[PDB]
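# Topology and contacts: notes
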Protein chains: 2
Amino acid sequence: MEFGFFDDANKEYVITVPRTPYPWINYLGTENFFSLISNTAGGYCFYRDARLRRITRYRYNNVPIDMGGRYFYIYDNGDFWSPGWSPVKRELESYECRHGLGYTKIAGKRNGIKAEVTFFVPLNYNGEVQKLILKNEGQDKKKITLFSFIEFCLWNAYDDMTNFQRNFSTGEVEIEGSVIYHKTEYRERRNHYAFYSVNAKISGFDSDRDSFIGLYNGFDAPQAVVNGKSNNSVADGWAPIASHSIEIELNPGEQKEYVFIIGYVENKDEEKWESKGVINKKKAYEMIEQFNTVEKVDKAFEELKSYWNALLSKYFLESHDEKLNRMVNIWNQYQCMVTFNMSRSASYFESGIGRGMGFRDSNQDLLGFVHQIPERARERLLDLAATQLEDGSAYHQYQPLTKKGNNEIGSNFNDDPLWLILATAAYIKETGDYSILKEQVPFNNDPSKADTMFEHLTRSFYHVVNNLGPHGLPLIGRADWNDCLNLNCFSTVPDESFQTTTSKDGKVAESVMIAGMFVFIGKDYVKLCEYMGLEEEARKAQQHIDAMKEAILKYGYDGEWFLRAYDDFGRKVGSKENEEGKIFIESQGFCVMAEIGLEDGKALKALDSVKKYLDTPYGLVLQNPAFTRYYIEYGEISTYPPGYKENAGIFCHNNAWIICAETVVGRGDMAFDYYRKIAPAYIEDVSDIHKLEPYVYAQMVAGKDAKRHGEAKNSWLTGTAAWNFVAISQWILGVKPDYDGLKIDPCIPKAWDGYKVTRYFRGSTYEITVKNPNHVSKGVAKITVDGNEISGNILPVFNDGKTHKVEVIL
Amino acid sequence: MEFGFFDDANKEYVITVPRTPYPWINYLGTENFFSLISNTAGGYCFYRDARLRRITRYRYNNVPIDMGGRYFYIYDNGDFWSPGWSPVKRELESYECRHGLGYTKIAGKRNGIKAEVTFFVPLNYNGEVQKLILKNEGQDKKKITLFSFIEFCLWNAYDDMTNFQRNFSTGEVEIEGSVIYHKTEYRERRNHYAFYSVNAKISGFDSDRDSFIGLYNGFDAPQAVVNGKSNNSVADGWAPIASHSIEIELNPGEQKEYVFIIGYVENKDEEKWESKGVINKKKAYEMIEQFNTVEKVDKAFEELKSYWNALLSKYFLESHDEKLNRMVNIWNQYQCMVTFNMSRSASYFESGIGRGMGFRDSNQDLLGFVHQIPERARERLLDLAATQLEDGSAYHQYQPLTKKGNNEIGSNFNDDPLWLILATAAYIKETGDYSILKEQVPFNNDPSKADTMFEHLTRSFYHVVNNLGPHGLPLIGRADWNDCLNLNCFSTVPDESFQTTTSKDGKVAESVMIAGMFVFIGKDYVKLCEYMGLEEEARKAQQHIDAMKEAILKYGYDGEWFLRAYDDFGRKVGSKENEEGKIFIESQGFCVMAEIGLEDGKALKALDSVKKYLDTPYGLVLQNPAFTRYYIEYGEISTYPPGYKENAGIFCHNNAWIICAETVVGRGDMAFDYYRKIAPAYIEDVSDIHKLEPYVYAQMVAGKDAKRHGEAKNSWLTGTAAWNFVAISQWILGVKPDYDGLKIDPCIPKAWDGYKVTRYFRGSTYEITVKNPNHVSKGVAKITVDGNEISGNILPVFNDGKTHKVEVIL
């Protein structure tokens, strides 16, 4: 089943039915002001902090779902309805939602009246603008009433949802002209406030929730909208809201335009008041005047369109597959940029109460968004390193707001330091800017103990070098990339965290996943060592890498696939000797990217085993068989019902690693079939089974052992987007950044006749055309740049701001 | 306006209309299983812990209000309704709700079908029983179907409401017979589960919320109830629920009876499973069999009635005023016992996420329920003492579940140690059991550092002595009883606690309230010292008390009332020199109770000033004038809008102290008029203004400076009940427990002709008849016990389990 279609010309997804299998949302905002908006105009907005500066109120896991947001009511002779079909839920003559890049349009018609609302956050503007067109498409003149409604939050979502015993008496509002100001706690210690404004004269207003709606009425039928006029209520505690009411007369064919603004203002502590008890509204006046006409709103809309076009213009693909073109050209890059903007703060599955992102998550997102924003990527990389500890360890949780690491969560996730090396190498390969290696980064945010960034990478390498186990494999510690594989926990108490509670010293449990990661990233570390002129350091690093590879080949291979780990007892994890979890997905991908077992056939056998035991029509499952009971020696992984999350669920994050491994072994058809199973554009026609947004990646899809097999959870906030974009664009399509330039090495399905990619790389544009006369999967036979044959597979660097034609024959 | 009445014979409050100014709730449970239920059958249940063992889900501050609870649907030929009028909100021929002592009965009828449900938690039973009667009062036979519905919670309210990234995949249920078992995370470190059962054959069931209700439907119209059939859905993640569906034939005049049970079962770790993956239901089986017939439910109901009747039987008043009779005899004692059972965990204003109650709160609550449960009060006192620190200070927050103090919040609330002496003295006065003073009590829960209870009282006394200020007054720390008077905070940044953040050393700011406390409570300590045989210690304590009294008289009196405090700068707080807050309420209450200025007229002047500046028709405000801006040197008190909470709001908690002071000065009419303004039974006819439960006390009523003057907040959970009961029963009616016996000293309005009190005291019952031939307020003329005239005003102790007649003439 399908609930809409893609609009590739306008870069939109069009939802044509209000009742999607789940609310499908979109993100507005780029710098400081952010908004989550659903297809029925539900969601909320905040300023830089969904936890500490939330502006509007939203209820998660509500009955009915997605109840609350920017609500417009059209009242007509006792009838009333909503453009988004919610909250009123009366049948509309026509409904449409369009999710674009940073904007959302919602159109609804009933009784000959059509309402179209465009929501977007303009650039360099701490507010969300909603432009409303009200059109009379009937044959008679009409008198209608337009109602606006938002619900304010008390700036602290946890306090707003738990501390009623104080905050039921603190809500304060102001009403001036057509503007309603929310200024709760502005009198004591807050220098900021919010406002809801319209650019036309209003017939009435409302600011008390119990007066606009009523105690025993829901959003579907407020008492004021039912009665056809506002009550002009001034909020005094309880729940502040903002509502305008405008009386409109429309001739047949006549339309009217309105601009609503939700804005945020910060004042200097000295200039906080205009008079005693009256707030300073100068900044609000300027903000409102900035968009007091439709022309200015249109100009800002066009500027935002240009912004997103420039963001997405750096990688363009022209192939025969429209689904692939739409995935690569628009939605993958858009999701990567949105993940950079939002981290893991707020979604419809993340409540916005969290305190930060993951260190590995921050480093892995850069692999996705590096080619779009190199300077912000450099700044983010330098900020991440400053939090690293002196011994090479890292904080598990990073806080981009304060640019610090969470001390309460702590350390001992032993895979974290390698992601910094991987991200730094990716940035250097993308930009060629080696100068980042010579910058003075502090340790633990301490300027006194500051060293070069290459020193940080050295500490990251030798943290793994020093913490080895009985078999020569890295000690897993608290956990590795798989946060639910806790081999040092042994927890029997229901309420203690699986990731922070440890009862074992951690000197026995190992991990071959971290070993494969070490072998994979040590190549980049050795290259960086060779650049800095340290030949002896490079020799030592190569010796350690070779020792780790030998350890993997001796104590890490089960016999037909790579092992997973060794538990604290010293027994194998992910082995055919076990009764459950005989094979895991994480070790195979990273041990095949590291080129381990490529000559003896171990990698091919491991990939064949992955296909045989982990493959489902909806992707690869994490492990097989699923754990049917609780294993105290394994941690949280077995605490899930079979087929869900880490208990044999489908993580599309580590499916990209299997895709990369399949490209490494030279099987492009298998890699592309693996890619297709999880790509949003290829699973749109099965939307009713997927149940989530058909335009973005989700974190986890139910596995074969589940009875909801095929259903997804935790959309829009994933490292899936970055890794899948990397897999499709660099390993399959074969356009890979490299230290000397741009490497061409595709691995594609044999049936493809070819394709072409337009790539902006280091101050120049390359027009790479790949053709497959003899239908093969891998192997480059000739590259010509600007009409001249070159040697090798690395394109020369020009940095002249021109366009060069590249022809590749396989 | 009025929304119900009192049924004094049946000890109930009857609500006759469902649309009440706010949801009015009641508590079921006595020992471990507890439940909150409103007049529309909304609320939730939990086991000993609203935070860590919540069984059913409830949404606070919802739109519409109070959505979620035990919901019964009656479906009849396409129509459907609810006996509680919610959530369907279809008009009923008749509705009634009776809130009783530990039980709630809701009756509703429509289309000739009447449904009556009685909810109560039986004694020694970890479950809530709902007995349902369905009666056909029409003239034709009918074919109906009955639907049950509750929504389960995942046992961790914070995790349930914030951690959807994991818990959307963890929900698990079983269905067997007529029982639905919720066993989320039972496959793991949890050894407990819940169940919903009915004692009849069911036509169908539902356990998935999206299948019973639908994604875009609310509680008002579930899709299964609309269609008239169940879907037989088995929950797999998302939101587990429990729903039975029974098809019923009804003849005219015929009725059917059903018993629904919400139960909680804990298993041993070695007896968790009947078979692989199948839970052990033997305990659930016997629990269900315990109430499989209406007769057993009726027997348990009668037993609970007897339990509460014995609980409230130790203080009986017979006066001419029925409102006073119902306040003293039923509802004050009931609220005190409920506060003991629930502490401050869960209400409709407390979200149930807190970790404990206040240390002073437990001691102050003990003053109300000591005469009902003397044996549990002794254990409570011993635990509270065991939590105390070596230097005499105490933890601010007590955790009755773990019997520990909250270390993360800390200490330095300098009034906290003084309440322990008051509570211990009250217990000794009530019981005469001095042996508590000789028990070895640990310090900081350390059995090695254990000493006697009298040593704990000595440390509490000398904590104040060693922490005096520049004027000889006690050094206020983080705060005193007034938690919002933070004179050491000086906070400029939001989202940082006003009560734990201190930027000043704390050696200048003093408190006149703690000084009056020290003078009032120290005399009991001197009496205990004399009992223990330490005459020199008593002499030293009396010297310190005299010095404190001199300090109060020299640096604590403003000139027409008592000062409140000295701020950190050393200036007066609560002085006529200040432009705002020239008079507070606490210092006058406690300095007159300690009899500091009764001979020079200072106390009378202070009380006259209190009446002149703080009196409103709805009570007494905290301070006047209200603070209109933020005072950084004062803390959170000025962070409230005027007229709300501590910014000139009405707390009945210190209204009780003002009543006691008015009895001290001998003005009984003023004391009783102060009592009437806040007593629930006297403000019932103004319910629409009060907006909260007209049968229990609330924490705070909006003051004269507020627009909502007269509106209440934070009901059902406060120290208001205990202190108001103490004021009415001991200071006004004059029956006061004392060392060596029972003192008679009433202070009553002159117009009263007299009254009778039946008191159970130390193993005997007294029938005290007070007569007022010459209409006076204070001063007894003679007391005759068993027909013989006695000397003094202390009744002799008999301890013979008999009844003695006491005649008191004023």
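Residues numbered from 1 in each chain as written, not as in the entry; some residues may be left out. Chains lettered and ligands numbered in written order. Heavy atoms only, no water. Residues with missing side-chain atoms left out of burial classes, pairs and counts.

This entry lists cryo-EM as its structure determination method and reports a resolution of 2.59 Å.

### Some details on the environment of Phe 520 of chain B
All names here are of chain B. Applied cut-off: Helix and strand assignments follow DSSP, with helices taken as H or I runs no shorter than four residues and strands as E runs no shorter than two, numbered in order from the N terminus. Each residue's exposure class comes from its accessible area (1.4 Å probe, protein chains only) as a fraction of the maximum for that residue type: buried when under 20%, exposed when over 50%, partly exposed otherwise. Residue contacts are counted whenever heavy atoms from the two residues lie within 4.5 Å of one another.
When you line up the elements, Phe 520 lands in helix α12 (residues 512-532). For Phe 520, a relative accessible area of 17% gives the class buried. C-alpha of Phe 520 to C-alpha of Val 696: the two residues are 176 residues apart in sequence and 29 Å apart in space. Contact partners of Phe 520, with chain neighbours within four places excluded, come to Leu 422, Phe 590, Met 593, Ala 594 and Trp 731.

### A look at the interface of chain A and chain B
Quick reminder of the rule: As used here, buried area is the combined drop in accessible area, with a 1.4 Å probe, of two parts when they are placed together. We define a salt bridge as a side-chain nitrogen of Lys or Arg found within 4 Å of a carboxyl oxygen belonging to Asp or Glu. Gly is placed with the polar residues, together with every amino acid not listed as nonpolar (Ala, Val, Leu, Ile, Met, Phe, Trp, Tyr, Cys and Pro) or charged (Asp, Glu, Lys and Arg).
On the chain B side, the residues contacting the 74 residues of chain A number 75 residues. With both chains or domains summed, chain A and chain B bury close to 7,000 Å², and 53% of this area falls on carbon and sulfur atoms. Of all residues in chain A, the largest losses of buried area upon contact with chain B belong to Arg 189, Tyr 216 and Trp 238 of chain A, amounting jointly to 13% of the total for that side. Taken together, the connections running from chain A to chain B amount to four salt bridges. In this structure, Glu 636 of chain B engages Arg 166 of chain A in a salt bridge whose closest nitrogen and oxygen atoms are separated by 3.6 Å. Grouping the amino acids of the side of chain A that touches chain B by side-chain chemistry returns 31 nonpolar, 17 polar and 26 charged.

### Observations regarding the nonpolar core
How we decide: By convention a nonpolar core is built from buried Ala, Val, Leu, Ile, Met, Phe, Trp, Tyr and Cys residues, the set being connected through side-chain atoms within 4.5 Å.
One finds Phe 195 and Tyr 675 of chain A to be the most contacted residues of the largest nonpolar core, which totals 253 residues. Top contributing element to this core by residue count: helix α12 (residues 512-531) of chain A, with 13 residues. Look past the residues within four positions of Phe 195 of chain A in its chain and what remains in contact with it is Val 179, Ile 180, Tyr 181, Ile 261, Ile 262, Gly 263, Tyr 264, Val 265, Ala 284, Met 287 and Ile 288 of chain A. Ranked by size, the runner-up nonpolar core spans 246 residues in total, among them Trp 155, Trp 419, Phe 725 and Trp 752 of chain B.

### Let's talk about the relation of the copies chain A and chain B
Basically, it comes down to this: The copies are each rotated and translated onto one another by least squares, with the C-alpha atoms as the fitted set.
In screw terms, the move from chain A to chain B is a rotation of 180 degrees and a rise of 0.0 Å along the axis, fitting with an RMSD of 0.1 Å. Taken together, these values place the two copies in the relation of a two-fold axis.

### Observations regarding the packing of aromatic side chains
Put simply, the rule reads: Ring pairs are drawn from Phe, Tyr and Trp, using the six-membered ring of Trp, whenever the two centres fall within 6.5 Å, and their geometry is named by plane angle: stacked under 30 degrees, edge-to-face over 60, tilted for the rest. Working rule: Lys NZ or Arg CZ, within 6 Å of ring centre, within 35 degrees of ring normal, means a charge sits over the ring.
In this structure the tally under the stated criterion is 134 aromatic pairs over all chains. A centroid spacing of 5.3 Å and a plane angle of 40 degrees characterise the contact between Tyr 13 of chain A and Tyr 695 of chain A, whose relative ring orientation is tilted. One end of the pair, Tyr 13 of chain A, is in strand β2 (residues 12-15); the other, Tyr 695 of chain A, is in the loop between α18 (687-690) and β35 (698-701), with 682 residues separating them in the sequence. Take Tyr 695 of chain A: its relative accessible area is 1%, and that puts it in the buried class. Look at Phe 164 of chain B and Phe 168 of chain B: their rings are 5.3 Å apart centre to centre, the planes differ by 40 degrees, and that puts the pair in the tilted class. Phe 168 of chain B shares its class with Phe 164 of chain B; the two are buried. Three or more aromatic residues link up through ring pairs in this structure, and these residues are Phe 3, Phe 6, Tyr 13, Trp 24, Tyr 27, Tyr 307, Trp 308, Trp 331, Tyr 334, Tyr 695 and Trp 716 of chain A. When the ring centre of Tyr 640 of chain A is taken as reference, the NZ or CZ atom of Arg 166 of chain B above it lies at 4.7 Å.

### Details of the pattern of salt bridges
Under the defined criterion, the tally for this structure stands at 105 salt bridges over all chains. The partner of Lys 131 of chain A in a salt bridge is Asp 298 of chain A, and the shortest N-O contact between them spans 3.1 Å. Taken together, the positions of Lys 131 of chain A in strand β11 (residues 127-136) and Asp 298 of chain A in helix α6 (residues 294-312) put the pair 167 residues apart, joining distant regions of the chain. A salt bridge links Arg 708 of chain B to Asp 208 of chain A, with the nearest nitrogen and oxygen atoms 3.8 Å apart. With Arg 708 of chain B in the loop between β35 (698-701) and β36 (712-715) and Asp 208 of chain A in strand β16 (residues 204-208), this pair bridges two chains. Among the charged side chains, a salt-bridge network with shared partners connects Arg 166, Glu 185, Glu 188, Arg 189 and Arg 190 of chain A together with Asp 495 and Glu 636 of chain B.

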